[PDB]
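Residue numbers (the deposited numbering), protein chains in the order written: chain F, 1 to 244; chain C, 2 to 240; chain D, 9 to 241; chain H, 1 to 220; chain G, 2 to 245; chain A, 1 to 233; chain B, 2 to 249; chain E, 4 to 241. Step one of this worksheet: look at the structure below.
Next up, the structure:
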C-alpha cells in the first residue's frame with residue numbers, strides 16, 4: 001500500500017486501487033502525535049490528553065489540546081496543533097451561527113455533522129490539502145444526555161462510548177473495553193482515564209508528559225470545564241499507584 | 002483568469018523568457034536608423050517580399066504621431082499591438098497635457114509597457130525592438146531604441162534585427178560630421194549600410210525621411226534607385 | 009519545475025537568491041556617507057560609441073533632498089524609483105513635510121516579497137525585482153546612506169559597493185574610509201576605486217557623480233565640473 | 001379589461017374581452033387576453049399589456065423546459081409558484097394581473113395572481129378594470145358543481161357585464177374551456193358589438209392627391 | 002491497445018487513447034474500499050433497502066453507525082463507499098429535494114432526485130479540478146402516480162430505474178442472485194420483498210446475521226413515510242426465515 | 001474552498017492533431033449504434049437500447065430525448081455527457097422562442113449546440129464531450145438532419161449511422177437509402193440498419209425509435225415499436 | 002496545478018512559439034484554399050473536404066463565409082474554431098456600421114480579429130486558433146482587396162496567395178502565371194482551376210470537390226455569389242480541353 | 004524528493020517539507036533571548052552585519068505600548084507580520100479602548116499563519132518571533148514558528164547557535180520569577196553570550212534590549228542606551 005510517482009501528490013487524484021493517499025498521509029500525521037482519549041459515562045463525558053514536553057522551558061498550560069467550542073461543547077485534539085486550532089475556530093463559529101439564528105444551544109450530533117462537512121471539503125481539491133489532525137467532541141444536557149463524537153481527517157463522524165486517537169490508539173482501546181462506562185459515574189471515570197494514559201505513555205521512547213483533563217456533565221451543570229487541581233492530582237495519584 | 006508565472010529567474014541569474022524574446026527580434030528583418038543635422042531617417046532591410054504581395058500592408062515604418070515615427074524588428078504581430086497602444090497614448094497625452102508628445106516621453110511609455118509584461122502573471126514578454134524617431138519642440142533631432150526587457154537608449158546611429166552587429170560595426174567607422182553634412186548624404190549613409198547585409202538591394206529597401214517642420218515622407222522605389230545608382234557610381238570610380 | 013514561493017532545504021526562497029545573482033552581472037556603483045554630504049558614483053558602461061552617454065542615467069532624484077543609485081536590471085529599477093517618487097509626494101500632501109531617508113527606503117522595501125501566482129490580483133508581480141539600490145540623502149538626522157536588495161533587507165551604510173566588482177571595490181573602501189573625512193576626499197576616493205574596477209578607462213562622458221549635502225539640493229555633476237575632479241587622477 | 005375564471009364539475013372556463021386602450025382611446029378592437037402556458041394550463045391577463053405578455057411567455061418557456069425534463073404533464077401549482085415568486089421580486093413594478101386556470105392530475109385548480117405577488121385559490125375570480133361588474137354576476141348566479149354549458153353561460157354573462165358597464169372593456173367575448181380530456185379555445189364565442197357599416201362612402205378618386213416627386217424601384 | 006496511457010489520463014479526468022476515463026473507473030473501486038454491500042429490491046407494494054451494519058468494537062455507539070439516510074418524509078436512500086463522500090451527497094440531496102418543493106410547489110419524485118444528483122456528479126467527470134465522489138446512492142420512494150420507485154446513481158453520472166439492485170464489494174455476485182428470483186414469477190408482497198432482500202445478503206456473504214448486524218428500511222403503499230425497522234422488527238423477519 | 005484551472009487541457013501535437021478531440025472521437029466509436037434517416041416527408045431516429053441485465057427498468061431512462069415541439073436528439077458514446085447537452089439544447093431553443101416568437105430552425109440550433117461543444121476544447125480546465133449528436137427537426141415544410149461531433153463541427157446528412165461499426169452502417173445505408181421515401185418506409189429501413197450490428201434478438205425494449213414530421217417530434221410508444229419489429233410490418 | 006499545465010503562451014530557446022507553429026501544421030492538413038485578385042473583381046477558390054454520397058447539402062457554401070455587404074472570407078484549418086472567428090468578424094463589421102454608418106474597410110476588419118488571435122498567443126494560457134483565413138472585399142479607399150491571416154495574429158495584403166495542403170507548391174505556381182495589373186476575372190478563374198487541378202491528391206477534378214465564389218462591383222453595388230456546379234463544370238472543361246490542345 | 008515543492012503535498016511519512024524548510028530560515032538568522040519575571044519581560048537580541056562598514060540590523064520592533072517583538076529569519080516576512088500585529092492592536096484600542104491582551108494577539112497570528120500553509124501556491128511565513136507583552140495577567144513571553152503552532156514560555160531563545168542559550172535558561176529557569184529588573188536583563192545577555200564563540204563577546208553596537216512591564220512601556224535600547232546594562236558583566240566563560 002504505497003505509491004511513489006503520482007496518485008499520491010494531489011488530493012483530487014485517485015489511485016489505481018481506488019484510494020486517496022493525501023488523506024491517508026494526513027492520517028499518518030495523527031498517528032505520530034501522542035494519544036488523546038475520551039470516555040462517555042452515565043452522566044457526562046471525560047476527556048484526557050497526554051501532552052509531550054518538548055522543552056522544560058515551556059509554561060504549564062501551553063500548547064493546550066483541550067478547547068472550548070461552545071459553553072457546553074468540549075474539544076480534544078490530536079495530530080498537528082496548527083490545523084487543530086483552525087478547525088476549533090470553525091467549530092466555534094458554527095456554534096455561534098446556530099445560537100444567532102435559532103436561539104438555543106447547538107446539539108452535538110448537528111455540530112459534528114456540520115464541522116465534518118467542512119473537513120471533507122478539503123479532501124476533494126488540488127488547491128487545498130486535507131487537515132492533518134483528528135479531534136473529538138463531547139457535550140451533556142438534560143434532554144440529549146451524554147454524547148461523544150469523533151471526526152477524522154477524511155470527514156467521518158461517529159458516536160462513541162470511549163474513543164482514542166494518537167500514537168497507541170489500539171493499546172488504549174483495549175483498556176476501555178475492560179471498563180464498565182455504561183454504569184460508571186464520571187467522578188470514577190476521571191480516576192480511570194488518568195491511569196490509561198500512564199500505561200499507554202511510552203517513557204523509554206518519549207521523555208516526560210503533562211496530564212490534561214476536562215469535565216462535561218451533570219457535575220459541572222452541563223458546562224464544559226477544566227478539571228480542578230484537587231481532582232486532577234487525586235486521579236494522578238491513583239494513576240501512579242495502580243502502575244505498580 | 003490565468004495567473005501562472007511566465008517570466009522567472011534562473012540558477013545562473015537570467016530571465017530566459019526575456020532572453021528568448023531577444024532571440025525573436027534577431028530572427029526578424031533588419032532595421033537601421035541614423036540621426037542627421039536637419040533630418041532623421043530610418044530604413045528596413047530584408048523585405049523578402051514575394052513580389053506577388055501588396056507592399057503597402059507589410060510596411061514596418063509606422064507613424065505614432067505627427068512628429069513621431071517608428072520602425073520595428075521581430076514578431077510583426079506583437080509590434081502592431083504596441084504601435085496601436087502607443088498611438089492611443091499620443092492622443093491621451095494631448096487630452097491631459099495640451100502640448101504635443103515628445104520623443105523621450107513616448108519611448109519611456111513603450112519601454113515601461115514591455116517591462117510590465119516581463120513581470121506580470123500570465124503575460125509573455127514582447128519579442129520586438131522599436132526604433133523611435135522624431136523631433137522635439139526645440140527642433141533637436143532624436144533617435145531612440147527599445148528592447149524586450151524594457152530598456153531605452155538614445156543613439157546617433159543604430160541597427161536592429163538580423164545582421165545588426167554587421168551594420169553597427171559599419172556605422173562605428175562611417176558616422177562622421179562629413180557623412181551627415183547634407184540632407185542627401187544622410188540618406189546615402191543608410192543605403193550604404195543596408196547593402197552590407199541584404200542580398201543585392203534596390204527593391205529590397207524601404208526607407209522614410211522626416212524634417213523638423215514637415216510630416217513623414219515615404220520614398221518610392223523610383224527615388225531609392227536614384228541614390229543606388231549614385232553610390233555604385235562612386236564605388237566604381239575607386240577601382 | 010517549481011512555484012515562485014518555494015523554500016529551499018537551506019532555508020530561503022529560490023527566486024530571491026537568483027535575483028541576487030542577477031546583480032553580479034550589472035554595473036558597479038559606489039556610495040560614501042560623509043559628515044557634510046552623501047556622494048554617489050556609477051559607471052555608464054557604453055557598449056558602442058554611437059550610443060548617447062547622456063541617455064544612460066543610473067543616478068536619479070526621488071526628491072530635492074534624496075538621490076538614488078541603481079545596479080543590475082535598469083528596466084525593473086525605474087518601476088521602483090517611480091513608486092518611491094509618488095510616496096514622497098503622498099507624504100508631502102498629507103503631512104506637509106519631507107520624508108526621512110530611512111522612511112523612503114522602507115517604502116520601497118515593502119514591495120520586496122509581493123510576488124506570487126495564486127491568491128493575487130490579475131496584474132500582480134510574478135518575480136522579484138533584481139535590483140540593488142543605494143539611497144543617499146540628507147534629512148533632519150543628517151547625511152545618510154542606505155542599501156537595499158531583492159530580499160527587502162535595508163540597512164544604513166557608511167560605504168557600500170554594488171555591481172559586478174562588488175567584492176573588489178568594498179575591500180578598497182575598507183582601507184580608505186574613516187569617520188572624519190571631507191566630502192572632497194569622498195568624491196576623490198570613490199573615483200580612484202572606480203577606475204580600478206572598470207574594464208574601460210575613466211572618462212568625463214563615462215561616469216555619473218551626484219552629491220547630496222545639507223547646504224544645497226540634489227546636484228548632478230555636468231561634464232565641465234566633472235573634469236575638475238578628474239584632473240586629480 | 002375584464003377577465004374571469006370559474007370551476008365546474010369537469011374543468012375550468014376562462015373568460016376575457018378584446019378591447020385594448022391607449023389612455024382613453026381604443027388601440028386594438030380584437031386583442032387576445034387568454035394566454036398559452038401549457039397544453040393543459042391557460043392564463044388570462046390584465047394590467048400593463050407589455051408586462052402581461054412577457055411574464056406569461058417566460059413562465060410558459062420555463063414550464064416547457066420543466067415538463068420535458070420530468071416527462072409528465074406540468075402542474076397548476078408549478079405555474080402558480082413561478083408567477084408568485086417572480087412578481088414578488090420586482091415589488092409590483094411589473095403590472096401583471098393574471099387569472100391562472102388549468103386541469104391537473106390532482107384536478108381543476110384556479111388561481112388569481114396580483115402584480116405584487118399575492119395568490120388566491122378560489123372557485124371563481126375576477127381581475128382587471130371591469131372586475132367589479134363581473135364578480136357581481138358570480139355572486140348572484142354561481143352554484144357548486146355545474147355543467148359545461150351552464151358554466152360557459154355564467155362567464156360569458158360576467159364578461160359582458162364588464163363590457164357594457166365599464167369603459168375600459170368592450171368588443172368580443174373570448175372563452176377557454178379546459179377539461180380532463182377536451183380543450184376548447186373558442187376565440188369568437190360571442191360578438192355583442194357591431195360597427196354600423198358605412199352607407200355613404202368617401203372613397204378618394206384616382207389622382208385627387210398632388211404629387212411632387214415620384215420614384216419607382218423594381219424588385220426580383 | 003487495450004490498456005494504454007498517454008499524458009495525464011490517469012491523474013486528472015481526461016480521455017485516454019482508447020476513450021476511457023481512468024479516474025472515473027478508479028472511483029468505482031473506492032466504493033469497494035468500505036467493505037460493505039447494499040441490496041435493494043422493489044415489490045408491488047413496497048421498496049426495500051438492506052445493508053451490512055459492521056460494528057468492529059463495543060466502543061462504538063451502534064445507533065450512530067448507519068448508512069440509511071432520510072432525504073424527504075417519503076424518500077429515503079442508502080450509501081455505499083466512502084462515508085465522508087457519502088454524507089456530502091446526502092446533504093446535497095436534501096437541499097435539492099427542499100428546493101424543488103419551494104420552487105415548483107409539489108414534492109420531488111424519485112426519478113427527478115436521482116437525475117439531479119447524476120447531473121451534479123457529471124461536473125466532477127468533465128472538470129479536472131476535483132475528483133468524483135467515491136460513493137453510491139440507491140434511492141427508494143413511492144411516486145404518487147406510478148408507484149414504488151428504485152433508483153441508483155453512479156460516480157460516472159449514470160442513473161437508472163430498477164426492479165432490483167446491488168452495490169459494494171459483493172455487487173456482481175448479488176446481482177446474479179436477483180436475476181434468478183426475477184426470472185421466476187413471484188407474488189411480490191411486503192413480506193416477500195423483505196425476505197428476498199435479506200436472503201440475498203445472507204447467501205452471497207454467507208453469515209446468517211443477527212438483527213444488530215443489518216439495517217432495513219421500507220416504504221409501503223399504506224405508509225409512504227420512510228421508516229427504519231430497528232432491532233425489534235428486523236429480528237422478527239429473521240426468525241421467520243428459518244422455517245421452510 | 002476551490003479555484004479552478006484557467007489553462008487549456010486540449011493542445012496541439014507536434015504532428016498537428018488535437019490529442020484530446022481524437023480520443024473523444026474514439027470514445028464515441030465504442031458506443032451503441034444510432035441511425036438517422038431523412039425521408040423528405042419526415043425524419044426517423046433509432047438507437048440501440050440494450051439493457052443486458054433485465055433488472056434495469058427500461059421505461060425509466062430514455063436515450064431519445066425531445067428538445068421542443070419539433071426537435072429531438074439521439075446520441076452515441078457516453079450517457080452523462082449527453083444529458084448536459086440535452087438541457088443546454090433545450091435552453092437554447094427556448095431562448096430563441098422568447099426573442100423571435102418562432103420555433104427555432106434545426107440548422108440554427110445545431111450551430112448553437114456545436115458552439116458549446118467547441119468551448120470545452122478551448123476553455124480552461126475542461127475536457128471535450130465524448131458524444132456525437134443526431135439532431136432532427138421540421139420547419140418551413142422541410143425535414144432536417146444534422147450531426148455534431150466532439151470537435152464542434154456540424155454536418156448535414158440525408159442518412160447516417162453512429163456508434164460501433166459506423167463504417168458498416170453507412171455502406172449498408174448507401175445501398176438501401178433512396179430519395180423520396182415515405183415516413184413509414186423510413187422507419188422500416190432505419191430499424192433494419194440497426195440489425196446490421198446488434199446480435200441477440202430485437203425486442204420492444206431492446207431499441208428506441210422517435211419520429212419527426214409536420215405534426216411534430218414524438219417518441220414512438222413500445223406498442224408502436226412492437227408492430228414495426230415482429231419481422232414483418 | 003502547474004504540473005498539469007501545458008504552458009501554451011511561453012517562448013522557446015530559439016525564440017519562437019511552439020503552439021502557434023503546431024497550429025500551422027494543422028492548417029497544412031486541411032483542404033487547399035486559394036484567392037487571387039483581378040482588375041474588375043476578386044475571387045476565392047477552395048477544396049471541399051466534406052465529400053460523401055449521403056450528405057444533405059443545405060447551406061450556400063461549405064468554407065466560404067459572408068461577413069459584410071461588401072466582404073467575404075474563406076477558411077483553412079479547423080472548422081469549429083473557424084465558426085467562432087467568422088461570427089466575431091460579423092460582429093466587428095456591424096459595430097463599425099453602428100458607429101460610423103458606413104461599411105468597414107477591408108484592412109480594419111482583418112486587423113481587428115488578428116488582435117484577438119494575438120491575445121490568445123500572449124496571455125490566457127489557452128490554445129490558439131488553428132485557422133488561416135483568406136479575405137476578399139471592396140471599400141471606397143483602396144478598392145478590391147485580398148488578405149491572408151495567421152494563427153499568430155499575422156496579416157498580409159496579397160494579390161495572389163494560397164493556404165492549406167500543398168500551399169508551398171501552389172504559391173510558386175501562382176507566381177508563374179499571374180500578371181500584375183493586367184489580370185481580368187475571366188483569366189483569373191481559368192488560373193484558379195489550373196492551380197487546383199495540379200496541386201491536389203485526387204486529380205481529374207470534379208464539380209463536387211471544388212468551391213468557387215466571386216466578388217464583383219456592379220452598378221455601384223457589391224455582388225457576392227457562389228458559383229453553381231454547372232458554372233464550375235464549364236471552367237473545368239475549358240481547362241480539360243486545354244490539356245488536350247497542349248499535345249499538338 | 005517530489006513532495007518538497009508545495010505545502011499542499013503530504014509526505015508518505017506524514018509530514019510537510021515546505022513548512023520544515025521554512026523553519027530552517029529561523030535557524031539561519033542570529034539568536035535572540037526572551038525571558039520574564041513577575042513584573043517584567045525582557046527581549047535581548049544579537050545584531051548581524053554583512054560588512055564592518057555597514058551598520059547593524061534592527062532586531063527588535065514596536066507593536067504597541069505593551070507589546071513588542073524580536074524577529075528571527077526573513078526581514079520582509081517579519082515586517083509583514085509586524086504590520087498585522089500593529090493593526091490588530093489598533094483595532095482593539097479603537098473599538099474597546101482597552102489594550103488587547105497578549106494571549107489574544109498570539110492566537111490571531113496562529114490564525115493568519117495557518118491560511119497559506121493549506122492553500123496551493125502559497126508559502127508559510129519564514130520568520131520566528133519572540134513576543135514580550137504585559138497585560139492584566141502579568142508578563143508574557145510567546146514563541147511563534149513558521150507553522151501556526153505557538154508557544155507560551157517562561158524563557159526561550161531561537162536562532163543561530165541558540166541551543167547553547169537554551170541550556171543556560173533551563174538551568175536558571177526557577178531563578179527568573181523573583182529577579183530584579185537589573186538582574187533579569189543580565190540573565191538575558193549571559194544567555195546571548197553563550198551563542199557566540201569564545202573568540203568574541205557582547206559590545207554596544209550589536210546588542211539590543213527591549214523591556215516591557217508594570218513599571219514602564221515598551222522601550223528599545225540600541226547603542227549608548229544599552230551601555231548601562233552591559234557594564235558590570237561577569238567575565239567570559241569559555
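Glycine residues also receive a C-beta, built at the ideal position from the N, C-alpha and C atoms.
Contact with chain D by residue i, beta-carbon distance below 8 Å
i, result
"residue 124 of chain E", "yes"
"residue 9 of chain C", "yes"
Helix, strand or coil at residue i according to DSSP, with G and I counted as helix
i, result
"residue 109 of chain C", "helix"
"residue 93 of chain F", "helix"
"residue 35 of chain C", "strand"
"residue 100 of chain D", "helix"
"residue 86 of chain A", "helix"
Interface flag, residue i vs chain B, CB-CB below 8 Å
i, result
"residue 77 of chain C", "yes"
Proximal chain C residues relative to residue i, where beta-carbon distance stays under 7 Å
i, result
"residue 155 of chain B", "77, 78"
Sheet register partners of residue i (DSSP bridge)
i, result
"residue 184 of chain B", "None, per the DSSP bridge assignment."
"residue 135 of chain E", "E:71, E:144"
"residue 139 of chain F", "F:73, F:147"
"residue 229 of chain G", "G:218"
Cutoff 8 Å: residue i Cβ touching any chain G Cβ
i, result
"residue 123 of chain F", "yes"
Under 7 Å by beta carbon: chain F residues contacting residue i
i, result
"residue 158 of chain E", "57"
Chain D residues whose Cβ lies nearer than 8 Å to that of residue i
i, result
"residue 155 of chain C", "59, 60, 62, 63"
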